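Colleague: Output the structure for:
(3 chains)
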Amino acid sequence: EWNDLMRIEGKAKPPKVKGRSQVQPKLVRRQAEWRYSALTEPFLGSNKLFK
Amino acid sequence: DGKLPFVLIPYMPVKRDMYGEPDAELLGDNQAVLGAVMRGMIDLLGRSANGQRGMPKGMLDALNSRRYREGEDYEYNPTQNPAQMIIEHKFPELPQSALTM
Amino acid sequence: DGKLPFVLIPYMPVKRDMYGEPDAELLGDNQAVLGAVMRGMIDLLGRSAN
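Modeller: Residues are numbered from 1 along each chain as shown, chains lettered A, B, ... in the order given. The coordinates are given below.
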């Protein structure tokens, strides 16, 4: 279920109705994007990984 | 080492449990509500007529109507002012509630 | 080197996958919606008598 909310594939998929929009903003995905760079950067800031 | 070679890293730890909770657990309802508002705004604009011209009957004669449709000067019956006539449908104004929600 | 001479560089990496995702994956719907609004504005002005 959690993966079905990161991407609009599972239960979160809007129903397909003819003549009406089927878009879905990715609120969960947007939150995850600002977390990936925040956490990955400190580990890659130096040539040496382990001290 | 003498123990299992696996390492567990939880994102948001659960009290006395292995598997943590991701951010998707708390945003299940918010994403669905946000999606409903966005679709409603598009449906209001998409289904609305745009660029269509509506002309009252009898305001222009047969000859004058063609000239107006061809982009030339025309004459109209004074009983009906084209200012309030010749409806040019456009996008309806979005309600402020949708933006607030 | 003793291995393949090819190097893979993903833009946005996918969990346990080779090929990444470009920015076009997330902006598919936004571009289409934006295009509809722009065409509607032009049609309103263009078709109007002036």
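
Colleague: Excluding chain neighbours, what is closest to the spatially most central residue of chain A?
Modeller: The centroid of chain A falls nearest to residue A:29 when counting by C-alpha atoms, centre = their mean (2.4 Å). Nearest residue to residue A:29 in three dimensions, chain neighbours excluded: residue A:6, at 5.9 Å (C-beta to C-beta, 6 or more residues apart in numbering or on different chains). To be clear about C-beta, it is placed using only N, CA and C from the backbone, and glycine gets the same treatment.

Colleague: Verify the contact between that neighbour and residue B:24 for me.
Modeller: Yes. Shown here, residue A:6 and residue B:24 form a contact pair, counting by C-beta atoms under 8 Å, at 6.0 Å.

Colleague: Find the residues that touch each one of the two.
Modeller: Listed contacts common to residue A:6 and residue B:24 are residue A:28; contacts here mean C-beta atoms under 8 Å, 6 or more residues apart in numbering or on different chains.

Colleague: more neighbours, those two?
Modeller: Ranked by neighbour count (other C-beta atoms under 10 Å in any protein chain shown), residue A:6 and residue B:24 place residue B:24 first, with 20 against 17.

Colleague: mind listing what's buried in whatever helix or strand the residue nearest to the centre of chain A lives in?
Modeller: Using DSSP states H and E, residue A:29 falls within helix A:27-43. Counting neighbours by 16 or more other C-beta atoms under 10 Å in any protein chain shown, one finds that the buried residues in helix A:27-43 are A:27, A:28, A:31.

Colleague: next one: stretch B:44-55
Modeller: Under 16+ other C-beta under 10 Å, the buried positions of stretch B:44-55 are B:44, B:45, B:46, B:50, B:51.
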